[PDB]
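Chain residues, written in single-letter form:
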Amino acid sequence: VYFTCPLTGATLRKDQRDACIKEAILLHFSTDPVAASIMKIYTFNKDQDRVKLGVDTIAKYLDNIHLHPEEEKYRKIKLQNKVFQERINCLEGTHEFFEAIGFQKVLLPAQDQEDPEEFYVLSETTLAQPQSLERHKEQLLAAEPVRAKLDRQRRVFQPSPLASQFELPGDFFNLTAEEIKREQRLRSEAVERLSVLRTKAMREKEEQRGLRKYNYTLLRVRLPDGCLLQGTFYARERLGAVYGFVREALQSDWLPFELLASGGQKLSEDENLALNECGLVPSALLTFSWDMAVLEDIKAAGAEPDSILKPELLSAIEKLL
Amino acid sequence: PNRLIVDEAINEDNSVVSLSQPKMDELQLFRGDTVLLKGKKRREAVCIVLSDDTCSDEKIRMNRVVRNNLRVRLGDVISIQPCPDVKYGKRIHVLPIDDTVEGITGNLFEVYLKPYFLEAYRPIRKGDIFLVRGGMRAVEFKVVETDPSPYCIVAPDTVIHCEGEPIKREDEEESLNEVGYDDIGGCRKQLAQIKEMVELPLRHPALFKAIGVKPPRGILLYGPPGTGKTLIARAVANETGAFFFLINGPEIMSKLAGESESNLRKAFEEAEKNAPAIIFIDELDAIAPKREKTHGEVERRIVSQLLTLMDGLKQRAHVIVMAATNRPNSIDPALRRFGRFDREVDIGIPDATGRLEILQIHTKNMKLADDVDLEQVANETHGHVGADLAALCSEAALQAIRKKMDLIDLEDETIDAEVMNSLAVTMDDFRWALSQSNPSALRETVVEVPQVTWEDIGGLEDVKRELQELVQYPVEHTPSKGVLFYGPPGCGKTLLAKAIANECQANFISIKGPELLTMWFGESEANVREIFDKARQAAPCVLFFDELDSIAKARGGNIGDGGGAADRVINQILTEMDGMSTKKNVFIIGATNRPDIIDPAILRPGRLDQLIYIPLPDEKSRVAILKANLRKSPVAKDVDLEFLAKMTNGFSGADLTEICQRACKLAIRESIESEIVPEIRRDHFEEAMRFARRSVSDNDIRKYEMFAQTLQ
Ligand SMILES: Nc1ncnc2c1ncn2[C@@H]1O[C@H](COP(=O)(O)OP(=O)(O)O)[C@@H](O)[C@H]1O
Ligand SMILES: Nc1ncnc2c1ncn2[C@@H]1O[C@H](COP(=O)(O)OP(=O)(O)O)[C@@H](O)[C@H]1O
């Protein structure tokens, strides 16, 4: 599976995504330290619920000094505060953001302890113009994690009759002693497994072994004109993205159609159902058919629907072997 | 390479096969792609491939219709060759097989072929035979012409043609209405045992022909009538291809001396000539009754003749003899000696799940109404066997037929397919049939997995864990194979034994006081062995002996007769327990409410070594008990279950249930009176609290505490 990194334009694999994006964000600090730290807070941290709480707590500290910019009590953000330690200090990139928007990290005496405590203290240069922090607050809160865009890799193929031309060896159906012993051992083990008295937890340990293999899917569509349309999707992608993909591939993107799944269930374009929920993962073939309403007018007018896909894709058609 | 062993289907559809995903990834084909399957005699079939979580990595799952088209059988190997070039068809000519179109007429396309293919996009090849079910008939068709060749996908714009006389079946074609494995519902474990013993020598005869090792010579199938003893024997023969010879007691016993023995040995000679073959002798107790139970010469001779013919199986290669009986002890013991019929399978009585599957099998061709609930039927048909569920479905069909035929008024030799197509069997027709059906296996003990789960038991968090450890330890890592429960009554002793069986999916065998007393009073304590023998056959199972002190009480309890703590029945139980190993997958649980009068032998090492005290529930447990009891009913928000639990300090779990049931009864009465309120209100619990009382006094609790401290 291939992706494009939005910060570099590079073509990456599924395992190379974080390495390239993280590097681009760390380099971006030379152009815009605030924008780079904002991308770092959302992108590096996998726990987005904590990121949302972290940036909301940071936004409150900035608004506190905005309300009372003349009072020194709101100029210093204590790094040991219970709310800071749980929401902000637990995230990567939050300290870089504070420094980027004019906060200096200093040690100040505590109001009740000898040991100095850590504070982020806003400088006079930025405090004089609250409009700077107000813009930086909105830039952080409106941000999203950076992720490489999935390349659909739209392709059309032409099946070749030669793909199914195969003759079996004369001894193909002559099974060996090793094949017979494995089958008879599986029969004896199956009867023994049915006889075993075990708890549900022991049953789950064995059954659960089949649950973790896939997170992407490849879909194919069989078209009336003999062409095969293929593309790449996330396993969690919604069925509406598959209809949009096919519409872009069709010669006429506006002409109503249906996509029938391999299990006999028709896919609804307006239904927010994931590919890994409807049984189209890790791969599946869909059957393409035009809506009956347009087929009646097309056939009644004497027009043969001999072209399904746009010439822009067909000019690059590959044969299957 | 690119070849898999043929296995049974899970999806009954005739156009699809299922592979394990790793092989679809190696073959680079997707779910829904069309592939060709290469079988024997240079034949092929076209189908759609899917995947599931159960297919073996090295096997392909396909149903009987697909296997017959390839002329292959379970255990064979076929090649998979994807064919993405398959195109949509323009015209396909399909004609029915004459063997299935008798008594039926009219337009078969509109009833069978049209809805079968319409928007189904099934791959079709010239020469394919496929089955369409409906109208209480199973009609199969053969494809005789395809405009594209040699195969295509049927589309909504494909012309489906059907003109001409029905096709006469070819001599190498088998009927799709023959008995196979897909016609057997419950008792899947027993069928698997038969497969292990029988399919190997029949599918792979060379394994035993080239060497001196012999396969099993015979299998005795026993259990109540109508459970599938003959159904299994026929299904195995038809699926493996072995010639099936049918013998039964009455057929041989009705003959005169000489003719009887001649017919019996002649069938054996025919089986050898037609080997591989299976000889099924039904009513074994009738053809070979116990010698000591007969005076006639013919009966003594026929037993000796069968014993010699069974021994001759050392020379009659690839012939296996199976027999059916009601009980292993109804036949002459000579047949059960080493060899002959030294292996037996307990078919038993289908449980609630098996009964549902059996009903679904008999409705394969039946059109059901939307209100039909076969699971509800299966739950009510307690004590029924497959033979009775077959009658149940047929009676429901006949009631539906009468209701419509009275208005149809069609008097002819055949029925138009459209007339049967519109006929459906509704829940009123199954309900009627249920009232007319009478179970044939109501007296025999019914053993199945209990429906009581851990969510139904309030409190006892530590006892739940202890039971899970006792069963899980011998599987994850001499371990104890049983536990005795003691303490006040009504705290969950029975529920604990059932709940552990439930979670393990183990069979639960419930022996109650009256059964132990029946054996004692009738001087039939030997029947204890049969109980333990059922536990072995039912394994995995939990063998629960309730009221272990029922006889000690019957003999006096607080006063006493001339004996001690031991009696005839417990002595047989103690003896039988010594013969059960920890590897038999049987967990023995006992319960008593009077440990001071139980034979101490039961707690000696090797038997009920674990001992669990079940006290009265505490406050947090009593709340859990009330909530569990009310999980099946609507309860108003004004009901304070914690307040009730605080008051019911001396109540057992059974006593808290009385409160819940009283409140339910009151809510029902009020609803009925108003109709002639929809939820249980605090007023119903406050009234119930006025009558419910603790069943266990403080003195009785002290009795249990003193016992616990006596044993430590
Ligand atoms: N376990 C079962 N599963 C499915 N059908 C069953 C089962 N047991 C019995 N039947 C049905 O009951 C009938 C059995 O009658 P028969 O062939 O005489 O066998 P038997 O008397 O040995 O049970 C058949 O119609 C069969 O379909
Ligand atoms: N721990 C418990 N949790 C919930 N209900 C209980 C409990 N103990 C007893 N009961 C109630 O008492 C009834 C009888 O329980 P049972 O286990 O049959 O008692 P015993 O084992 O003494 O015969 C059950 O229907 C159940 O509703």
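Residues numbered from 1 in each chain as written, not as in the entry; some residues may be left out. Chains lettered and ligands numbered in written order. Part of a larger assembly, values for the part shown. Heavy atoms only, no water.

Going by the header, the method for this PDB entry is cryo-EM, and the resolution given is 3.27 Å.

Student: Teacher, can you tell me more about the overall build of chain B here?
Tutor: Looking only at helices and strands, chain B features 26 helices and 24 strands. Here chain B holds 712 residues, and 51% of them are scored as buried. When the accessible surface of chain B is totalled, it reaches about 33900 Å², and 47% of it is carbon and sulfur. Counting 93 positive and 114 negative side-chain charges, chain B places the averaged centre of each group 5 Å from the other. (Helix = DSSP H or I, 4+ residues; strand = E, 2+ residues; numbered from the N terminus. Buried < 20%, exposed > 50% of the residue type's maximum accessible area, 1.4 Å probe, protein only. Areas by Shrake-Rupley, 256 points an atom, 1.4 Å probe, with all protein chains shown as cover. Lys, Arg positive; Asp, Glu negative; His and termini not counted. Charge placed at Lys NZ, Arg CZ, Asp CG, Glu CD.)

Student: Would you take a moment to explain the overall build of chain A for this structure?
Tutor: Secondary structure summary: chain A contains 13 helices and 13 strands in total. For chain A, buried positions account for 38% of its 321 residues. Across chain A, contacts joining residues at least 24 apart in sequence account for 65% of those joining residues at least 6 apart. A total of about 18800 Å² of accessible surface is found on chain A, and carbon and sulfur atoms cover 48% of it. Counting 44 positive and 51 negative side-chain charges, chain A places the centres of these two groups 5 Å from one another. (Contact = heavy atoms within 4.5 Å.)

Student: What's the story with the domain arrangement of chain B in this structure? I'm lost.
Tutor: How big an interface is tends to be stated in terms of accessible area lost as the parts join. The domains assigned to chain B are domain 1 (1-86), domain 2 (87-169), domain 3 (178-349), domain 4 (350-444), domain 5 (445-617) and domain 6 (618-696). Here the C-alpha centroids of domain 4 of chain B and domain 5 of chain B sit 40 Å apart. (Domains from an automatic or database assignment.)

Student: When you look at the UniProt feature "binding site: ATP 1" in chain B in this model, what are you seeing that I'm missing?
Tutor: All names here are of chain B. The positions UniProt marks with the feature "binding site: ATP 1" are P225, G226, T227, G228, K229, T230, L231, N326 and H362. Spanning 138 residues, the named residues are also spread out in space, since their farthest C-alpha pair is 24.1 Å apart. On the secondary structure map, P225 appears in the loop between strand 14 (218-222) and helix 6 (229-240). According to the relative accessible area criterion, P225 is partly exposed, its value standing at 48%. In contact with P225, not counting residues within four places along its chain, are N326, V385 and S440. (UniProt positions renumbered as here; feature names shortened; annotations may be inferred.)

Student: Looking at this model, I keep getting lost on the UniProt feature "domain: UBX" in chain A. Mind explaining?
Tutor: In the UniProt entry, the feature "domain: UBX" is given for residues 212-288 of chain A. Secondary structure across residues 212-288 of chain A divides into 19% helix and 34% strand, with the first and last C-alpha atoms of the span separated by 31 Å.

Student: Before we go on, may I ask you to explain the pattern of salt bridges in this structure?
Tutor: Side chains that differ in sign of charge can pair as their charged atoms come close. Summed over the entire model, instances satisfying the criterion amount to 81 salt bridges over all chains. Between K266(A) and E119(B) there is a salt bridge; the shortest N-O distance is 3.0 Å. In this pair, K266(A) is assigned in strand 11 (residues 266-267) and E119(B) in the loop between helix 3 (108-117) and strand 9 (123-125), connecting two distinct chains. By relative accessible area, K266(A) is classed as partly exposed at 35%. We note a salt bridge from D533(B) to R536(B), for which the minimum N-O separation is 3.5 Å. A residue pair is termed a helical-turn pair when its members lie 3 or 4 positions apart in one helix, as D533(B) and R536(B) do in helix 19 (residues 528-537) at three residues. (Salt bridge = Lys/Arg side-chain N within 4 Å of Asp/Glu carboxyl O.)

Student: Mind showing me how you'd approach the UniProt feature "binding site: ATP 2" in chain B here?
Tutor: Residue and element names in this part refer to chain B. UniProt records the feature "binding site: ATP 2" for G490, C491, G492, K493, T494 and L495 in the present numbering. When you line up the elements, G492 lands in the loop between strand 20 (482-486) and helix 17 (493-504). Positionally, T494 belongs in helix 17. For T494, a relative accessible area of 24% gives the class partly exposed. Residues in contact with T494, not counting those within four places in the same chain, are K512, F544 and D546.

Student: Would you mind showing me how to read the site of ligand 1 here?
Tutor: All names here are of chain B. In the vicinity of ligand 1 lie 13 residues, with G185, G226, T227, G228 and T230 positioned nearest. Here a nitrogen atom of ligand 1 sits 3.1 Å away from a polar atom, N or O, in the main chain of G228. Within the backbone of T230, a nitrogen or oxygen atom sits 3.0 Å from an oxygen atom of ligand 1. Contact with the protein chains covers 73% of the free accessible surface of ligand 1, which is 550 Å². (Near = heavy atom within 4 Å. Polar contact = N/O pair within 3.5 Å; in protein donor to acceptor, adjacent residues only side chain to side chain.)

Student: What am I meant to see in the packing of helix 9 (residues 200-207) of chain A against helix 16 (residues 461-476) of chain B here?
Tutor: The axes of two packed helices give the description: the angle between them and the distance between them. Here helix 9 of chain A crosses helix 16 of chain B at 40°, and the two axes come no closer than 9 Å. Considered as vectors, helix 9 of chain A and helix 16 of chain B are oriented oblique to each other. Residues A201(A), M202(A) and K205(A) of helix 9 of chain A pack against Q472(B), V475(B) and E476(B) of helix 16 of chain B. Partitioned by chemical class, the residues of the contact of helix 9 of chain A with helix 16 of chain B number three nonpolar, one polar and two charged. (Axes fitted to C-alpha atoms, helices over the stretch in contact; angles between N-to-C directions. Parallel < 35°, antiparallel > 145°, perpendicular 65-115°, else oblique. Nonpolar A, V, L, I, M, F, W, Y, C, P; charged D, E, K, R; others polar.)

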